[PDB]
file input.cif (mmCIF, C-alpha atoms and all ligand atoms)
data_structure
loop_
_atom_site.label_atom_id
_atom_site.label_comp_id
_atom_site.auth_asym_id
_atom_site.auth_seq_id
_atom_site.Cartn_x
_atom_site.Cartn_y
_atom_site.Cartn_z
CA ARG F 1 -17.93 11.79 25.51
CA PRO F 2 -14.30 12.95 25.75
CA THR F 3 -13.57 16.66 25.54
CA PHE F 4 -12.76 17.97 22.05
CA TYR F 5 -10.71 21.00 21.02
CA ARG F 6 -10.17 23.10 17.89
CA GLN F 7 -7.13 24.33 15.96
CA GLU F 8 -6.10 25.04 12.36
CA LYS F 9 -4.17 24.61 6.77
CA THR F 10 -7.28 22.82 8.08
CA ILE F 11 -9.17 22.69 11.39
CA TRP F 12 -9.11 19.83 13.90
CA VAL F 13 -9.60 16.55 18.27
CA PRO F 14 -10.29 14.93 21.66
CA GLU F 15 -8.20 16.27 24.51
CA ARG F 16 -6.14 13.07 24.72
CA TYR F 17 -4.42 13.95 21.40
CA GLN F 18 -2.00 16.86 21.78
CA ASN F 19 0.84 18.50 19.88
CA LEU F 20 -0.78 18.42 16.46
CA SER F 21 1.68 18.78 13.57
CA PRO F 22 0.75 18.51 9.88
CA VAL F 23 1.85 15.74 7.53
CA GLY F 24 -0.22 15.40 4.37
CA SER F 25 -2.98 17.70 3.13
CA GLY F 26 -3.80 15.33 0.30
CA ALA F 27 -6.84 15.33 -1.96
CA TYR F 28 -9.11 13.46 0.46
CA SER F 29 -5.68 15.19 5.28
CA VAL F 30 -3.50 13.83 8.10
CA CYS F 31 -1.94 14.85 11.42
CA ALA F 32 0.87 13.43 13.55
CA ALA F 33 0.02 13.68 17.23
CA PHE F 34 0.70 12.31 20.71
CA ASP F 35 -1.93 10.25 22.53
CA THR F 36 -1.69 11.16 26.22
CA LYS F 37 -3.54 8.03 27.37
CA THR F 38 -1.43 5.37 25.64
CA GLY F 39 1.68 7.55 25.52
CA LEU F 40 2.38 6.66 21.89
CA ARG F 41 2.97 8.82 18.84
CA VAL F 42 -0.07 8.45 16.61
CA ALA F 43 -1.13 9.35 13.08
CA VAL F 44 -4.50 11.08 12.74
CA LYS F 45 -6.30 11.03 9.39
CA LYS F 46 -9.27 13.35 8.78
CA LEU F 47 -11.73 12.55 5.99
CA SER F 48 -12.74 15.79 4.26
CA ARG F 49 -16.20 15.76 2.67
CA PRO F 50 -16.78 12.04 3.39
CA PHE F 51 -20.44 12.24 2.28
CA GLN F 52 -20.58 14.76 -0.61
CA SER F 53 -21.36 11.80 -2.93
CA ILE F 54 -22.00 8.10 -2.44
CA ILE F 55 -18.65 7.28 -4.06
CA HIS F 56 -16.40 8.66 -1.32
CA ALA F 57 -19.01 7.61 1.24
CA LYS F 58 -18.33 4.12 -0.14
CA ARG F 59 -14.63 4.92 0.25
CA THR F 60 -15.33 6.01 3.83
CA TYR F 61 -17.08 2.77 4.74
CA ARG F 62 -14.52 0.67 2.84
CA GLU F 63 -11.67 2.35 4.72
CA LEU F 64 -13.15 1.94 8.19
CA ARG F 65 -14.28 -1.66 7.62
CA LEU F 66 -10.85 -2.62 6.28
CA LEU F 67 -8.80 -0.85 8.94
CA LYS F 68 -10.96 -2.54 11.56
CA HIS F 69 -10.35 -5.94 9.93
CA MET F 70 -6.60 -5.26 9.59
CA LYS F 71 -4.53 -6.65 12.49
CA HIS F 72 -0.92 -7.46 11.53
CA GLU F 73 2.44 -6.32 12.87
CA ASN F 74 3.63 -5.42 9.36
CA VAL F 75 0.32 -3.70 8.51
CA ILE F 76 -1.35 -0.51 9.74
CA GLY F 77 -3.38 -1.18 12.88
CA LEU F 78 -6.33 1.06 13.71
CA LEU F 79 -6.11 2.60 17.18
CA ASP F 80 -8.93 5.14 17.61
CA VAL F 81 -11.97 6.56 15.85
CA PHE F 82 -13.92 9.63 16.92
CA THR F 83 -16.09 12.56 15.82
CA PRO F 84 -16.99 15.90 17.45
CA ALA F 85 -20.36 16.02 15.70
CA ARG F 86 -23.03 15.64 18.34
CA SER F 87 -25.37 12.93 17.01
CA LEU F 88 -25.76 10.16 14.46
CA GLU F 89 -27.55 12.74 12.29
CA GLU F 90 -24.24 14.65 12.18
CA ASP F 91 -16.43 15.13 9.88
CA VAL F 92 -14.70 11.92 10.99
CA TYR F 93 -11.22 10.89 12.14
CA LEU F 94 -8.95 7.85 12.10
CA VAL F 95 -5.99 7.19 14.40
CA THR F 96 -3.13 4.72 14.08
CA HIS F 97 0.32 3.97 15.46
CA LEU F 98 2.72 6.47 13.92
CA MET F 99 5.95 4.90 12.71
CA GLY F 100 9.11 6.98 12.39
CA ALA F 101 9.05 7.95 8.71
CA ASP F 102 8.31 6.49 5.31
CA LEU F 103 10.91 4.80 3.11
CA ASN F 104 11.70 7.66 0.69
CA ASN F 105 14.05 9.59 3.00
CA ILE F 106 15.76 6.32 4.07
CA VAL F 107 16.58 4.92 0.61
CA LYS F 108 19.06 7.81 0.59
CA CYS F 109 20.82 6.61 3.76
CA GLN F 110 22.79 3.79 5.35
CA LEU F 111 21.79 -0.44 3.23
CA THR F 112 23.34 -3.82 4.03
CA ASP F 113 22.03 -6.98 2.40
CA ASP F 114 20.63 -8.26 5.72
CA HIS F 115 18.74 -4.99 6.19
CA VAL F 116 17.18 -5.58 2.76
CA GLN F 117 16.36 -9.14 3.86
CA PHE F 118 14.55 -7.94 7.01
CA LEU F 119 12.73 -5.15 5.16
CA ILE F 120 11.47 -7.23 2.24
CA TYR F 121 10.60 -10.04 4.66
CA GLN F 122 8.38 -7.66 6.64
CA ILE F 123 6.79 -6.45 3.40
CA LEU F 124 6.12 -9.97 2.10
CA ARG F 125 4.85 -11.11 5.52
CA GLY F 126 2.38 -8.23 5.32
CA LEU F 127 1.44 -8.97 1.72
CA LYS F 128 0.69 -12.62 2.51
CA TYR F 129 -1.73 -11.43 5.20
CA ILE F 130 -3.25 -8.86 2.84
CA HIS F 131 -3.66 -11.13 -0.19
CA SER F 132 -5.13 -13.94 1.94
CA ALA F 133 -8.12 -11.65 2.62
CA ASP F 134 -8.58 -11.34 -1.18
CA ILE F 135 -7.35 -7.73 -1.22
CA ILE F 136 -5.05 -6.03 -3.74
CA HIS F 137 -2.97 -2.97 -2.89
CA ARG F 138 -2.21 -1.55 -6.36
CA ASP F 139 -0.52 1.61 -5.03
CA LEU F 140 2.54 0.01 -3.42
CA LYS F 141 5.12 2.83 -3.55
CA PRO F 142 7.90 3.42 -0.99
CA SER F 143 6.08 6.44 0.46
CA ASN F 144 3.28 4.05 1.53
CA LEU F 145 5.70 2.03 3.69
CA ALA F 146 6.35 3.01 7.31
CA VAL F 147 9.63 2.39 9.12
CA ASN F 148 11.24 3.23 12.48
CA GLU F 149 14.74 3.10 13.94
CA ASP F 150 14.34 -0.58 14.88
CA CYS F 151 13.68 -1.31 11.16
CA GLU F 152 10.14 -2.38 12.02
CA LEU F 153 7.88 -2.03 8.99
CA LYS F 154 4.16 -1.34 8.62
CA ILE F 155 2.43 -1.41 5.23
CA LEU F 156 0.19 1.55 4.47
CA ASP F 157 -1.73 3.50 1.85
CA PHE F 158 -2.40 7.23 1.82
CA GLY F 159 -2.22 8.09 -1.83
CA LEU F 160 -4.86 10.39 -0.37
CA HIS F 161 -4.05 8.64 -8.70
CA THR F 162 -2.76 8.84 -12.30
CA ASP F 163 0.54 10.71 -11.98
CA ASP F 164 1.12 10.29 -15.72
CA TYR F 165 8.52 13.49 -5.16
CA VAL F 166 8.68 9.90 -6.46
CA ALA F 167 6.38 9.11 -9.37
CA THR F 168 3.96 6.25 -8.80
CA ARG F 169 4.15 4.69 -12.27
CA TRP F 170 7.77 3.70 -11.57
CA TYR F 171 6.39 0.99 -9.27
CA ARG F 172 3.07 0.14 -10.95
CA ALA F 173 3.00 -3.22 -12.70
CA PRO F 174 3.05 -3.26 -16.52
CA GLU F 175 -0.37 -4.87 -16.85
CA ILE F 176 -2.14 -2.69 -14.28
CA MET F 177 -0.44 0.25 -16.01
CA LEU F 178 -2.14 -0.71 -19.29
CA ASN F 179 -5.29 -2.62 -18.18
CA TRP F 180 -4.11 -5.63 -20.19
CA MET F 181 -6.10 -7.96 -17.92
CA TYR F 182 -4.83 -8.92 -13.17
CA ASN F 183 -4.12 -11.09 -10.14
CA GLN F 184 -2.51 -9.92 -6.92
CA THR F 185 1.04 -10.32 -8.32
CA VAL F 186 1.04 -6.62 -9.31
CA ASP F 187 2.00 -5.93 -5.69
CA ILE F 188 4.87 -8.40 -6.06
CA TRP F 189 6.07 -6.48 -9.12
CA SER F 190 6.09 -3.36 -6.96
CA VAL F 191 8.08 -5.31 -4.34
CA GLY F 192 10.61 -6.28 -7.00
CA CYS F 193 11.02 -2.67 -8.05
CA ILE F 194 11.50 -1.69 -4.40
CA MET F 195 14.05 -4.36 -3.47
CA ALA F 196 16.02 -3.57 -6.63
CA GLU F 197 16.04 0.16 -5.87
CA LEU F 198 17.25 -0.55 -2.33
CA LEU F 199 20.12 -2.84 -3.30
CA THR F 200 21.19 -0.63 -6.23
CA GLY F 201 20.28 2.64 -4.51
CA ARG F 202 18.72 4.23 -7.61
CA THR F 203 15.42 3.98 -9.45
CA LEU F 204 15.01 0.72 -11.35
CA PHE F 205 12.46 1.79 -14.01
CA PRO F 206 12.54 5.62 -13.95
CA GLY F 207 9.92 5.90 -16.67
CA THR F 208 9.25 9.41 -17.92
CA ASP F 209 5.78 8.30 -19.09
CA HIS F 210 3.77 5.20 -19.92
CA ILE F 211 5.75 4.50 -23.11
CA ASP F 212 9.17 5.24 -21.64
CA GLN F 213 8.30 3.25 -18.50
CA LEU F 214 7.35 0.24 -20.62
CA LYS F 215 10.48 0.53 -22.74
CA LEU F 216 12.69 0.64 -19.64
CA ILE F 217 10.99 -2.42 -18.17
CA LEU F 218 11.46 -4.35 -21.41
CA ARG F 219 15.09 -3.27 -21.77
CA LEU F 220 15.60 -5.57 -18.76
CA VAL F 221 12.93 -8.30 -18.79
CA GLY F 222 13.07 -8.57 -22.58
CA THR F 223 10.18 -8.72 -25.02
CA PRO F 224 7.25 -11.05 -24.23
CA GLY F 225 7.18 -14.62 -25.42
CA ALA F 226 4.67 -15.86 -27.97
CA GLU F 227 2.59 -17.09 -25.03
CA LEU F 228 2.33 -13.89 -22.99
CA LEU F 229 1.40 -11.90 -26.11
CA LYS F 230 -1.75 -14.03 -26.22
CA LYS F 231 -2.65 -12.76 -22.75
CA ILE F 232 -3.26 -9.17 -23.95
CA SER F 233 -6.85 -7.91 -24.27
CA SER F 234 -5.85 -5.02 -26.55
CA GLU F 235 -5.13 -5.55 -30.24
CA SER F 236 -3.72 -2.04 -30.71
CA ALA F 237 -1.36 -2.56 -27.77
CA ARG F 238 -0.78 -6.05 -29.20
CA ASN F 239 0.40 -4.67 -32.55
CA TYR F 240 2.45 -2.05 -30.70
CA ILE F 241 4.32 -4.63 -28.62
CA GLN F 242 4.86 -6.79 -31.70
CA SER F 243 6.20 -3.66 -33.43
CA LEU F 244 8.75 -2.66 -30.78
CA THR F 245 12.23 -3.78 -31.80
CA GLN F 246 12.61 -7.01 -29.84
CA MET F 247 14.66 -6.88 -26.64
CA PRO F 248 16.47 -9.99 -25.33
CA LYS F 249 16.27 -11.08 -21.70
CA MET F 250 19.16 -9.40 -19.88
CA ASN F 251 21.12 -11.43 -17.34
CA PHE F 252 20.20 -9.94 -13.96
CA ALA F 253 23.62 -11.00 -12.68
CA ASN F 254 25.03 -8.49 -15.16
CA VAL F 255 22.73 -5.79 -13.78
CA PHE F 256 22.76 -6.60 -10.05
CA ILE F 257 26.52 -6.63 -9.66
CA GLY F 258 27.94 -7.32 -6.22
CA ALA F 259 24.45 -8.22 -5.05
CA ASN F 260 23.70 -11.19 -2.83
CA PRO F 261 23.22 -14.18 -5.18
CA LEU F 262 19.93 -15.12 -3.54
CA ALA F 263 18.86 -11.47 -3.83
CA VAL F 264 19.43 -11.47 -7.60
CA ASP F 265 17.61 -14.81 -7.81
CA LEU F 266 14.52 -13.59 -5.94
CA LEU F 267 14.53 -10.50 -8.16
CA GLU F 268 14.53 -12.90 -11.11
CA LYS F 269 11.47 -14.53 -9.53
CA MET F 270 9.57 -11.33 -8.67
CA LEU F 271 9.87 -9.62 -12.08
CA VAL F 272 8.27 -12.11 -14.49
CA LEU F 273 6.31 -10.34 -17.21
CA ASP F 274 3.53 -12.94 -17.23
CA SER F 275 1.15 -12.14 -14.37
CA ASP F 276 0.23 -15.82 -13.95
CA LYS F 277 3.92 -16.74 -13.51
CA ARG F 278 5.40 -14.29 -11.00
CA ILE F 279 6.18 -15.70 -7.56
CA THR F 280 3.59 -15.41 -4.78
CA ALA F 281 4.05 -13.74 -1.39
CA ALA F 282 4.23 -17.07 0.44
CA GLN F 283 6.45 -18.70 -2.20
CA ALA F 284 8.80 -15.73 -1.75
CA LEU F 285 8.73 -16.13 2.03
CA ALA F 286 9.83 -19.73 1.41
CA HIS F 287 12.77 -18.34 -0.59
CA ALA F 288 16.16 -19.10 0.93
CA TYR F 289 17.13 -15.42 0.78
CA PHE F 290 14.69 -15.05 3.70
CA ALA F 291 15.46 -18.39 5.39
CA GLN F 292 17.16 -16.36 8.14
CA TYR F 293 13.79 -14.92 9.24
CA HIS F 294 11.45 -17.30 7.38
CA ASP F 295 9.03 -18.69 9.99
CA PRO F 296 5.84 -20.21 8.50
CA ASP F 297 4.01 -20.24 11.85
CA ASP F 298 4.93 -16.60 12.55
CA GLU F 299 3.35 -15.53 9.22
CA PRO F 300 -0.37 -15.55 10.05
CA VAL F 301 -3.16 -15.33 7.48
CA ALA F 302 -5.93 -12.75 7.80
CA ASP F 303 -9.32 -14.16 8.72
CA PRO F 304 -12.02 -13.91 6.03
CA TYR F 305 -13.24 -10.43 5.10
CA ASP F 306 -16.87 -9.83 4.12
CA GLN F 307 -16.59 -7.61 1.05
CA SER F 308 -20.21 -8.34 0.08
CA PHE F 309 -21.15 -4.68 0.57
CA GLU F 310 -19.38 -3.47 -2.60
CA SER F 311 -22.35 -4.48 -4.77
CA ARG F 312 -24.66 -2.61 -2.35
CA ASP F 313 -24.62 0.87 -3.89
CA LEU F 314 -26.89 2.66 -1.44
CA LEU F 315 -28.62 6.03 -1.20
CA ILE F 316 -26.75 9.23 -0.40
CA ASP F 317 -28.23 9.40 3.09
CA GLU F 318 -28.45 5.95 4.65
CA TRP F 319 -24.80 4.96 4.20
CA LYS F 320 -23.72 7.23 7.07
CA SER F 321 -25.93 5.16 9.40
CA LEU F 322 -23.88 2.03 8.64
CA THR F 323 -20.63 3.99 8.90
CA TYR F 324 -21.84 5.21 12.31
CA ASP F 325 -22.59 1.62 13.33
CA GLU F 326 -19.03 0.64 12.37
CA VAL F 327 -17.67 3.67 14.28
CA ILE F 328 -19.43 3.28 17.62
CA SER F 329 -18.83 -0.49 17.74
CA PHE F 330 -15.04 0.00 17.45
CA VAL F 331 -12.88 -1.86 19.97
CA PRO F 332 -9.44 -0.40 20.83
CA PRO F 333 -6.59 -2.85 21.51
CA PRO F 334 -5.41 -2.98 25.16
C1 LIG F 401 -10.69 3.98 -0.07
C2 LIG F 401 -9.51 3.41 0.71
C3 LIG F 401 -9.30 3.79 2.02
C4 LIG F 401 -8.24 3.27 2.74
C5 LIG F 401 -7.36 2.37 2.16
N1 LIG F 401 -6.23 1.81 2.88
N2 LIG F 401 -5.80 0.60 2.56
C6 LIG F 401 -4.74 0.32 3.37
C7 LIG F 401 -3.91 -0.98 3.37
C8 LIG F 401 -2.87 -0.95 4.49
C9 LIG F 401 -4.82 -2.18 3.57
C10 LIG F 401 -3.17 -1.13 2.04
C11 LIG F 401 -4.54 1.52 4.27
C12 LIG F 401 -5.55 2.42 3.87
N3 LIG F 401 -5.78 3.74 4.45
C13 LIG F 401 -4.73 4.44 5.19
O1 LIG F 401 -3.66 3.94 5.33
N4 LIG F 401 -5.01 5.75 5.75
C14 LIG F 401 -3.98 6.46 6.49
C15 LIG F 401 -4.31 6.59 7.97
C16 LIG F 401 -5.23 5.76 8.59
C17 LIG F 401 -5.49 5.92 9.95
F1 LIG F 401 -6.40 5.12 10.57
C18 LIG F 401 -4.83 6.89 10.68
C19 LIG F 401 -3.90 7.71 10.06
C20 LIG F 401 -3.64 7.55 8.71
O2 LIG F 401 -2.71 8.37 8.05
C21 LIG F 401 -1.39 7.94 8.26
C22 LIG F 401 -1.02 6.57 8.25
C23 LIG F 401 0.32 6.21 8.47
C24 LIG F 401 1.27 7.18 8.69
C25 LIG F 401 0.87 8.54 8.69
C26 LIG F 401 2.08 9.26 8.95
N5 LIG F 401 3.13 8.52 9.09
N6 LIG F 401 2.67 7.28 8.94
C27 LIG F 401 3.57 6.14 9.03
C28 LIG F 401 4.68 6.34 7.98
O3 LIG F 401 4.43 7.47 7.18
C29 LIG F 401 -0.42 8.91 8.48
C30 LIG F 401 -7.57 1.99 0.84
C31 LIG F 401 -8.64 2.50 0.12
#
call {"tool": "encode", "arguments": {"input": "input.cif", "output": "structure tokens", "more": "lines below"}}
Ligand SMILES: Cc1ccc(-n2nc(C(C)(C)C)cc2NC(=O)NCc2cc(F)ccc2Oc2ccc3c(cnn3CCO)c2)cc1
result
Amino acid sequence: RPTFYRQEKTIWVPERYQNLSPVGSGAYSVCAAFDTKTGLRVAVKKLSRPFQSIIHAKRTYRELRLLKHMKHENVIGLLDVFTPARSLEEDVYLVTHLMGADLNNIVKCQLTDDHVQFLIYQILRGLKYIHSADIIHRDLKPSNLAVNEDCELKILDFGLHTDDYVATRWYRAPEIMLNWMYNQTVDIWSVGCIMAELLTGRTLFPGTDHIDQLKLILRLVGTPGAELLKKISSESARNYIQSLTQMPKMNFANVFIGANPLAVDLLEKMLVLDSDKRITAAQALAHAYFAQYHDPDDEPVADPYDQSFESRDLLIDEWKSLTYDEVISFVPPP
């Protein structure tokens, strides 16, 4: 209905979006643009080959459904959806509020302890909302976090993985890195890595590989207790852990020198090896380190999310009809 235009290392689309500049030509690409109607700077994601197989058609539908159901200040909020193709029988695009820049190029600059408080509070306030819809992030690296000059923070994901530029394994939880089991606390492990890297300014677990990563993590959190060893669903990995020369639990006070006491304490809470023992997003919000901004009423919980469709593995063709239904019925926010 609106007028579309074309331009190219990929081709792009309505008239309202101008000044297209590239961002990420990842495996599945993205553009940063300016929406003339709202007057905001927007991020425009284009899904390449969304229907070449039912698997990334499932990804397509999953993405749109989720982004539609996502409405949180600290989480990406869908703005527009459109296609130039001329009928339901016929590329697709996603638009969202574009924050200043990710967190990579800002770890290198400026941080005070209160800035870390505000940042990690935004992240945990987003993760409460995410986990209360029974959704797990997994890929919670700094480059998937959006920030602007006002230190506002929006959570995000365009991994767009298996790495073995900031390597992803450095922030992946031990158990999800070795399929030992997992509950949502893997994201909290990532948060611990991130807060530590901010306060200390350097990588916490700069693992060169799976093995080196694991060894670095243990050199801090120590070897597992007799209990946690039971929790492993891998007898080869079990014998390997039991073989590693035991490592005692280091005192985080020794490591996080000159760090806010409450900061070191929360780090103690967010880096428990046992998945069923780490602190939860809400329990961390309740932490005194965030009592400056901690507001239980200003930390809403996402309404239920109907994920029933995952078991519905449909034909190659008909899934685009349901994706089209979810496209046309989109409702922009005033
Ligand atoms: C199979 C599958 C599909 C999707 C997801 N999934 N899950 C999540 C959550 C939050 C729930 C974890 C988010 C997503 N998907 C995206 O976040 N897609 C990016 C995207 C979406 C648009 F609607 C519009 C533009 C987009 O690209 C961007 C977005 C932010 C940007 C830029 C540039 N700057 N910034 C800000 C700072 O960098 C570009 C998971 C699995």
call {"tool": "residues_near_ligand", "arguments": {"input": "input.cif", "ligand": "ligand LIG 401 (chain F)", "cutoff": "6 Å", "atoms": "only C-alpha atoms and all ligand atoms", "output": "MDAnalysis selection string"}}
result
chainID F and resid 30 43:45 59 62:63 75:76 78 94:96 98:99 101:102 137 146 155:158
call {"tool": "residues_around", "arguments": {"input": "input.cif", "residues": "region 187-196 of chain F", "least_positions_apart": "2", "cutoff": "7 Å", "atoms": "all atoms listed in the file", "output": "ChimeraX atom specification"}}
result
/F:120,137-138,140,171-173,184-185,198-200,204,267,270-271
call {"tool": "atom_distance", "arguments": {"input": "input.cif", "atom1": "CA of residue 259 (chain F)", "atom2": "CA of residue 107 (chain F)"}}
result
16.3 Å
call {"tool": "residues_near_point", "arguments": {"input": "input.cif", "point": "(-22.4, -2.4, -1.0)", "cutoff": "10 Å", "atoms": "all atoms listed in the file", "output": "list in words"}}
result
residues 58, 61, 62, 307, 308, 309, 310, 311, 312, 313, 314 and 319 of chain F
call {"tool": "closest_residue", "arguments": {"input": "input.cif", "among": "F:10, F:74, F:245, F:48", "to": "residue 91 (chain F)", "atoms": "all atoms listed in the file"}}
result
F:48
call {"tool": "residues_around", "arguments": {"input": "input.cif", "residues": "region 206-217 of chain F", "least_positions_apart": "5", "cutoff": "8 Å", "atoms": "all atoms listed in the file", "output": "VMD selection string"}}
result
chain F and resid 164 169 to 170 174 177 222
call {"tool": "residues_around", "arguments": {"input": "input.cif", "residues": "residue 103 (chain F)", "least_positions_apart": "6", "cutoff": "7 Å", "atoms": "all atoms listed in the file", "output": "NGL selection string"}}
result
:F and (142-143 or 145-147)
call {"tool": "closest_residue", "arguments": {"input": "input.cif", "among": "F:178, F:327, F:20, F:127", "to": "residue 7 (chain F)", "atoms": "all atoms listed in the file"}}
result
F:20
call {"tool": "atom_distance", "arguments": {"input": "input.cif", "atom1": "CA of residue 242 (chain F)", "atom2": "CA of residue 228 (chain F)"}}
result
11.5 Å
call {"tool": "residues_near_point", "arguments": {"input": "input.cif", "point": "(-19.9, 12.0, 25.9)", "cutoff": "10 Å", "atoms": "all atoms listed in the file", "output": "list in words"}}
result
residues 1, 2, 3, 84 and 86 of chain F
call {"tool": "write_last_selection", "arguments": {"input": "input.cif", "atoms": "C-alpha atoms", "output": "compact mmCIF listing (two decimals), keeping the file's coordinate frame"}}
result
# COMPACT_ATOMS: atom_id res chain seq x y z
CA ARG F 1 -17.93 11.79 25.51
CA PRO F 2 -14.30 12.95 25.75
CA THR F 3 -13.57 16.66 25.54
CA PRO F 84 -16.99 15.90 17.45
CA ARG F 86 -23.03 15.64 18.34
call {"tool": "closest_residue", "arguments": {"input": "input.cif", "among": "F:320, F:46, F:139, F:97", "to": "residue 162 (chain F)", "atoms": "all atoms listed in the file"}}
result
F:139
call {"tool": "closest_residue", "arguments": {"input": "input.cif", "among": "F:109, F:232, F:49, F:288", "to": "residue 179 (chain F)", "atoms": "all atoms listed in the file"}}
result
F:232
call {"tool": "atom_distance", "arguments": {"input": "input.cif", "atom1": "CA of residue 87 (chain F)", "atom2": "CA of residue 323 (chain F)"}}
result
13.0 Å
call {"tool": "closest_residue", "arguments": {"input": "input.cif", "among": "F:23, F:136, F:153, F:221", "to": "residue 72 (chain F)", "atoms": "only C-alpha atoms"}}
result
F:153
call {"tool": "residues_around", "arguments": {"input": "input.cif", "residues": "residue 302 (chain F)", "least_positions_apart": "6", "cutoff": "8 Å", "atoms": "all atoms listed in the file", "output": "PDB file with C-alpha atoms, in the coordinates of the input"}}
result
ATOM      1  CA  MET F  70      -6.600  -5.260   9.590  1.00  0.00           C
ATOM      2  CA  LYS F  71      -4.530  -6.650  12.490  1.00  0.00           C
ATOM      3  CA  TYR F 129      -1.730 -11.430   5.200  1.00  0.00           C
ATOM      4  CA  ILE F 130      -3.250  -8.860   2.840  1.00  0.00           C
ATOM      5  CA  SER F 132      -5.130 -13.940   1.940  1.00  0.00           C
ATOM      6  CA  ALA F 133      -8.120 -11.650   2.620  1.00  0.00           C
TER       7      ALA F 133
END
